[PDB]
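These notes concern the structure reproduced below.
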Amino acid sequence: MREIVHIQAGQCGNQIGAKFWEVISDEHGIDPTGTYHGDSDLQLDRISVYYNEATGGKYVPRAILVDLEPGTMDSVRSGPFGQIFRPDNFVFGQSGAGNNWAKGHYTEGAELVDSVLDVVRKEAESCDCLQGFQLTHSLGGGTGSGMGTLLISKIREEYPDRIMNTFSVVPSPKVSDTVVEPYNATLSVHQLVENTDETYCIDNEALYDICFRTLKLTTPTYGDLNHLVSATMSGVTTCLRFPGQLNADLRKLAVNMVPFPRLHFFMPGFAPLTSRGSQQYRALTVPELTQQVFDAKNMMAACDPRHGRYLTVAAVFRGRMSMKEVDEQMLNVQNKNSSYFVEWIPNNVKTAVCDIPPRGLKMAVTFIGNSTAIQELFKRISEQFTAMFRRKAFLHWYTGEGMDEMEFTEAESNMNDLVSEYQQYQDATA
Amino acid sequence: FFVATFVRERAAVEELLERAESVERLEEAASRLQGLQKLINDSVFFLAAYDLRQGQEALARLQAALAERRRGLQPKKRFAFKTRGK
Amino acid sequence: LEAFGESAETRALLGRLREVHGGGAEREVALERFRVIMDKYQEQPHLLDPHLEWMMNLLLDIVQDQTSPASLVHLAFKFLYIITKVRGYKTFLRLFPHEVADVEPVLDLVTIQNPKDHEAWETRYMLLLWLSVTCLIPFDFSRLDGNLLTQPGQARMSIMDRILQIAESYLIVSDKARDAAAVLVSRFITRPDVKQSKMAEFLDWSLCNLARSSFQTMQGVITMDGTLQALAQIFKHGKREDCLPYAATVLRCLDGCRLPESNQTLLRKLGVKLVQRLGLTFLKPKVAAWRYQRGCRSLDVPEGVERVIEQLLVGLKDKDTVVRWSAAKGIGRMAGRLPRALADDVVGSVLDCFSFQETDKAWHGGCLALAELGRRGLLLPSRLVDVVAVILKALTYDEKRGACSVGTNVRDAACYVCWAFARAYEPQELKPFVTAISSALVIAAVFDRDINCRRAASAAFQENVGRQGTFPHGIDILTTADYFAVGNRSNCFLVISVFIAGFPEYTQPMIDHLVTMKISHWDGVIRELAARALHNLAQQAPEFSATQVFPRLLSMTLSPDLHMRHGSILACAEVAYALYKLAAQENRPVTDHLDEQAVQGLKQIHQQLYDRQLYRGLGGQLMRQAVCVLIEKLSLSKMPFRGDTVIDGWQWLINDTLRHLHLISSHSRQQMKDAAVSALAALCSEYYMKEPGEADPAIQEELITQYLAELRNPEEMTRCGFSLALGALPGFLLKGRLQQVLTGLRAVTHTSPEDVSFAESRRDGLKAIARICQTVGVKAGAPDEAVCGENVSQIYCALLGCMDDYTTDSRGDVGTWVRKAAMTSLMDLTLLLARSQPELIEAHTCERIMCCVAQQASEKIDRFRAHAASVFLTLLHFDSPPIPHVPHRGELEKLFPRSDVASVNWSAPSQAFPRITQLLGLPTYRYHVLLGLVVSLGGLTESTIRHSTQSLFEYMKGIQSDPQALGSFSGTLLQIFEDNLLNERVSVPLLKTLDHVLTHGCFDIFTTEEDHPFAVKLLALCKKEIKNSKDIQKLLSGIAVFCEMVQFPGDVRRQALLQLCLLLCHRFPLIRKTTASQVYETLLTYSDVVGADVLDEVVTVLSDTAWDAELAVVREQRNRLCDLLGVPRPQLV
Amino acid sequence: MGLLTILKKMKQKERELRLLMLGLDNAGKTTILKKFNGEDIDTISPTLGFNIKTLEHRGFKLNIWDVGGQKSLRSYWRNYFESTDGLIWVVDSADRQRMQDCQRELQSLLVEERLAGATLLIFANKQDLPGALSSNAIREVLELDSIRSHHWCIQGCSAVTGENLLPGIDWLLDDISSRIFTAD
Ligand SMILES: Nc1nc2c(ncn2[C@@H]2O[C@H](COP(=O)(O)OP(=O)(O)OP(=O)(O)O)[C@@H](O)[C@H]2O)c(=O)[nH]1
Ligand SMILES: Nc1nc2c(ncn2[C@@H]2O[C@H](COP(=O)(O)OP(=O)(O)O)[C@@H](O)[C@H]2O)c(=O)[nH]1
Ligand SMILES: [Mg+2]
Ligand SMILES: [Mg+2]
């Protein structure tokens, strides 16, 4: 296990995927051409985890750009770093899925999954020992949700023992104005809980509120949303791209952050918050960073950690600092805010330090939590789903493509039982 | 016992292929591969994931070896029109 | 959609590009809106044709303006590229300008472009395409150039040379503009004058680039791809007699690039494509003589040809689905222009792809090649017995390779071949294969597991019916099974299946395929679907189902395969049930259809299975379930098995299944238990019956004694199984001993010191209890046989004894499961009596039930708070007939209009809390609703607490002013505090609710009075509660209530100050600091709490004293503060 | 690509046709193209290259390409033969001296490779003139009976008054719909 294949479905998934690749290339020193030009050996000590060695000492990406239409596929290939990818790693159709989960999971997706599983086995063949998978898609869009959840199922059916990790982007009425996004979201959950092993919750409402209230923006754009999603991805995967003993592989991270099979939704957080074209000369101390990373304002999900109980917490501090001070601050935070931590999983807060801070910031902090408060992100979906399904609105789009009300009933039931289990585990031994 | 018999049958198939010089050698060898596949697909209701992956990899390697042996022993002639067959 | 509705919006957005080009604040939003509006027509771009002409005029007038800045022209190029990718470049660039005057300007723009500017690539792409449009002019470039020697020395470069240089420079870029260059290669090098002066040069440069490029570097690969694309475009859009003199040289360089061994899938596709265009250059185009007589529009050889065919055949066996399709298309194109005799030589090779069945790629390639050859009519009648035969196997290709199935591509290609056969042959030379082809497509259109294969088979059937008209019952099977009806799999397997099998031409093959394939599938769902299909198709063919299929299944039920045995057992059970149902409609027994042979095998399914200990293990669980289903079906069909050892064996198996449910997968457990109780209910109602309304005394004494002696087992799964096994007993077998079973389940739904964690037992106990009440019904004077008035009270007491059942075990409130089941038992009891003897519904018991339901309808669990509300609405609206005693049934009806009830989402707190809080107005349910609101307010969820507090504040506004209202609610809340003290379930949330209510400022009219009884008793309750604790939440919650109640003047104020001073020196420094902070806050907030001008010293000694020090150092400060506040100093023992 | 997408693409391509308009200069090609669409005839100028038009008739999307009949333009006609479903050959009746030249021009257009399978509709334009040759005269002078590889049909018309123009397109569409259309 030392090679991870990257996948990205839908426009948002491809854009989020292209941004993360650019970020990890700028952090590792890999210029758009593909040659190393950094200034640290650690950048090359774990370069084979995401790149492949090729003639001339070149580092070729290991991603697979997947879509049902050509727009996003041409946008990424023409980007500043577009040349980095492989010309035969772009697999797309012409018509899209029109915000329909059925069209993207049973028709166009069901037809293009054949070619998708061709490039996938091409990347797995050039991997000494595959470690897992890292898909980047959204739960709102039709093509991004349906065909991407169809690729998770196909991988779980093909590769028996392989970790599955995704970066689900939950939509929000504040950003988009499409009415069938509640249905496109609920169904997706019904698959994840029964397919994916790890899944990060990146609510769009939280990003909108952080961009409109904290960063002061009159018209937050999709360029601001991708600026917050890529930083979170670079922060949560800093342990897999550099040396480390806590979570060096995906199996260890899963075993440490997945206390139950169905419960594996992790709300990420990153500090200090920044935006495009902004340089903060002030360097926050370690206590300030530790206090801000745990704040609900710095959370990528629309859930307050205080209104819940933690299960597994993993913090990472990137920047030149002392380990004793970080350990003391973590111990103080665990002692003071002890009521917000379950006492039935001892040693459930891990801390790590790295000597490679992000670009443009001298001191950075990360937070991957497994609190039961994440249930709030689903309850909101529940209301919309039920309100739209009871009067039968825009349902002919699904029933007319092979689906039926049984699937919606099943997904609603699974999601509702996931909320009850979360509430029960939150009040364990009350 | 399942892993033991699977390894035994794999070794037997490998030994038979290493000495395959007849279509009957390769044809019998291609009926032990069908039996193994049928056994494995009927035992995935109680087997682990690592064992299933190992079995799939072994089956793929054996199929590749059988295809290579068939291509080597039976070199298919190039395409040619049927004009003036006699 | 139907037409373009966003016309004005799009027009305004396009007329806004001249004020959103400088700053990018309003530039990104416009692009996002345009993309979102254009993506809606991605699937219907034809609906934009009548709008893409005026939008291109507006977009062209901006880029054509010389005073249009770089940022403004680039914005107009992005919108153009968006429109192109939406509609299509082939249909969009055709309308672009193509005059002669537009030849020099456009080119000039292409000269002022930076290839290293990724922020404006859309400008470099579209522009190139526009150039390709200006090469469709019928003039020469020398005429447009005129005189080139106009300047001294430095000569002017012609337009042809400029275009050639631009094309050579952009066929080797990584961006999307290389592709555009390929468009110019097919519009520039194919011209009459350009070919005469730019064909040898362009072909020598391409060969050199192909010879000195590697597929192991990033650049070389791009150059090779560009050169291959240019060559393909030249050979496609070029002439045959201008390009034929170069096809041998090109073929050689292509073969030298050793591409078939590269791991670059796109290079191989381009090489194959270039191999078929070069090949078609060696042969003249031919025309289908067979047209104008087989359907309407709607509804000498060079040596290189052999090498091309060999390369195509080698490519057919590729691993990628893209290269296979390309090679198939190439083979089809090549065969479409070859002699009638030599073409067959190719078919003979395609058949070789079907040698090994394990090579799915070879089969797919062969099927694609056959389809491509048949679409053009190039297959001779002699190849019908060999090709069609293969196709019958390709339509049923579904093999498993461990955990991933295969054959979806094979069956999809089999449908395309069948569709092409409609025009490949004539109606006369396809007669002896119409029936086989038709039924084959019929089985694939109704019985495939993939919707794509079903739709492909349906389309092929429609094509065959429309172009040939030889399929039996084509119109019927075409009108019922279409693009919409075939979408559903259940309909195709149950509804459409019977309609298609109604004819005698599809009864035998359909059932045969269902019995020899679908029933033996590798998925339980598919097996159940096939079983249901056979059941539905068992009433259109009783003789065939009882004489050829039933014996066929009896031999397969004993096969070694587990899935095959399960499928055969299911098919036999379904056939028996269908035959019984058919015989019931003719006053005849079922033994007439099922001969002695059938009766024997059916009486040997369960016995033989037990002889091979086949019931052990995970695989044995599926045999156990199948045997249970078979026994249930046989007992429901009324079989002549009364008085035989088979019944004893069946009883044993059912008893073992329940005595070993703890050995069943939790995931597939609840199912195996509801499948054993159901089978027990049919067997004990068809065989345990000596006379009408009686049963064997001996059989009734052994069963009940055995089941009532197993309700006290030490295993919980066995208890639950026996509980449900006692709730399914027939009424003829409970007559005479109903009180015993009633007393048994009552103990099974009770909680003893040893049965504290047995939450699942009470659930099934209550489920069985109500089940027996609904079987025996209500009868006057019959305690041992039915529900009389002598047993109605005990059942209600047992049902209301489980309400107070909250169990916070490791998992959480497992009690919610027991508190749910009870809510159902009453819902089936009070209703039942309401339909017969409503007088038994007592008043006090009904009021208590209504109170418990209202209480449960306000918990913190949305799931169980939605069930309680539904039960309440089902017991309040009930008017058929309505309930005798319902406290405030008029107020409840006015608050819950039956009309506006079905549209209320009780599961969502927002649409549930605002309505449930209105029940406080009823004094009867006031306490029970306040308790629920309290236990729900002190939870931990944000939305729940917010919605509860909002509803409480919106409700207390109407009673805060009224004194008697604030004198009745406050008393009720203080009674809930005395009712639930030291409970640890209501105590914690009740303190938080009181703190919130005091902070909001509700009990203000009482603060004016000194020593009000309310606060007097609240202080004593807080003293009794907070005293002796450990957890920090209770301590903090208690310190908050104290500092909030300090506001009340009188001796209560002094007592609260003393309690706060005492808590100040808690055992934990954190509690001390919290108490100090809260005391400082409540001192600086309120007024008149400290006199004699001693507040300054108090605040100073409070802010200066370090509460994080030892106890011996803080005790002196505490004593000083007490002395300064006039409070007795506690002692220390 | 599956069968559903293949059928969708085939149906989409079936709803599109190509009608290449050819003929000698000063024949009345632009006039006929403008009269068939309903534009003005008093403001028409000789094509300095080639014009393109798109319309919808009887549900079929007709794309007409009117090329100039000038001497220096005939050599470029080969650039408009790809994907040609119909060939509208216009012939001026009053033009009696250059007829021989108009017969050689239509005769060579028939021996092409790309234009092998495509309907032929010959419009005898300018029929209301005094010295306008009849239909039989143009049919015999151009030798239309010798044509056997293409479905031809002569039919006079007059763009100045818009007469006998709808029948020609109707016959062209009927002949195009009589044969099977298969992708490539
Ligand atoms: N954060 C973020 N969300 C995005 C982005 N693009 C789209 N979304 C969200 O994704 C949802 C729409 O899904 P898309 O990604 O457009 O869907 P798709 O995968 O392209 O699928 P089809 O549109 O059906 O072809 C909405 O909730 C959008 O707000 C992006 O760049 N960033
Ligand atoms: N008398 C007469 N003149 C016509 C007719 N049709 C076209 N013309 C004229 O012939 C001249 C040549 O027409 P034009 O469209 O330029 O033909 P093209 O440029 O060769 O295709 C124009 O002045 C037309 O007005 C017709 O039916 N009768
Ligand atoms: Mg999209
Ligand atoms: Mg003209």
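No hydrogens, no waters, no symmetry mates; every other heavy atom, side chains included, goes into these values. Proteins come first, then strands; the chains are lettered A, B, ... in the order of their sequence lines, and each starts at number 1. In each ligand, atom 1 is the first atom listed, and ligand 1 is the first ligand listed.
Aromatic ring orientation, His6(A) versus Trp21(A): perpendicular (interplanar angle above 60°, classes split at 30° and 60°). Taking the six-membered ring where the residue is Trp, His51(C) and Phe4(C) present tilted rings, their angle falling between 30° and 60°. Between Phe50(D) and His98(C), the ring planes lie tilted relative to each other; the angle falls in the 30° to 60° range.
For ligand 2 and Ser158(D), the ligand atoms under 4.0 Å from any heavy atom of the residue are 27 (O). Within the listing of ligand 2, atoms 20 (O) sit less than 4.0 angstrom from a heavy atom of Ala27(D).
Checked against a 3.5 angstrom limit, the closest N/O atoms of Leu129(D) and ligand 2 fall outside it. Among the atoms of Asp66(D), none of the N or O lies under 3.5 angstrom from an N or O of ligand 2. Ligand 2 has no N or O atom lying under 3.5 Å from any N or O atom of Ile44(D), backbone or side chain.
For the residue pair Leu1(C) and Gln44(C), the shortest heavy atom distance occurs at O-OE1, 3.7 Å.
The shortest contact between atom 18 (P) of ligand 2 and any protein heavy atom is with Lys29(D) N, 3.8 Å. Counting protein heavy atoms only, atom 17 (O) of ligand 2 is closest to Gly28(D) N, 3.2 Å. With hydrogens left out, the protein atom closest to atom 16 (O) of ligand 2 is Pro46(D) CA, 4.3 Å, a heavy atom. When only non-hydrogen protein atoms are considered, atom 10 (O) of ligand 2 lies nearest to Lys126(D) NZ, 3.2 Å. Here the protein heavy atom with the shortest distance to atom 19 (O) of ligand 2 is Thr30(D) OG1, 3.7 Å.
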### Message
Please evaluate residues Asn184(A) and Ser145(A) with respect to the criterion side-chain hydrogen bond (donor to acceptor under 3.5 Å, both in side chains), reporting the C-alpha separation (whole Å), side-chain torsions for both, the decisive distance (0.1 Å), and the verdict.
### Response
CA-CA 7 Å; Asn184(A) 298 340; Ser145(A) 58; 5.4 Å; no
### Message
Could you walk me through whether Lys40(C) and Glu6(C) satisfy the salt bridge (charged side-chain N to carboxylate O under 4.0 Å, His left out) test, starting with their C-alpha distance in whole Å, then the side-chain angles of each, then the deciding distance to 0.1 Å, before giving a yes or no?
### Response
CA-CA 11 Å; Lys40(C) 288 159 57 156; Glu6(C) 311 95 60; 3.6 Å; yes
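Using a 4.0 Å cutoff on heavy atoms, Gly69(D) does not count as a contact of ligand 2.
Residue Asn51(D): no N/O/S atom is found under 2.8 Å from the Mg ion (ligand 4).
Of the residues listed (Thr143(A), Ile152(A), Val66(A), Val169(A)), the one engaging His137(A) in a side-chain contact (heavy atoms from CB on, under 4.5 Å) is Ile152(A), and it is the only one. Of the residues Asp39(C), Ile83(C), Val29(C), the one that meets the side-chain contact (heavy atoms from CB on, under 4.5 Å) test with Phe34(C) is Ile83(C).
For atom 23 (O) of ligand 2, no protein heavy-atom neighbour is found at a distance under 4.0 Å.
Aromatic pair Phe77(C)/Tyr125(C): ring centres not closer than 6.0 Å. Ring centroids of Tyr81(C) and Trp121(C) are separated by less than 6.0 Å, placing the two rings close together.
Nearest to atom 14 (P) of ligand 2 by heavy-atom distance, out of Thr47(D), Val160(D), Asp25(D), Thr31(D), is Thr31(D). Checking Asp92(D), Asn125(D), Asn26(D) against atom 5 (C) of ligand 2, the nearest heavy atom belongs to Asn125(D).
When heavy-atom distances to ligand 2 are checked against a 4.0 Å cut-off, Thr161(D) has no atom that comes that close, whether in backbone or side chain.
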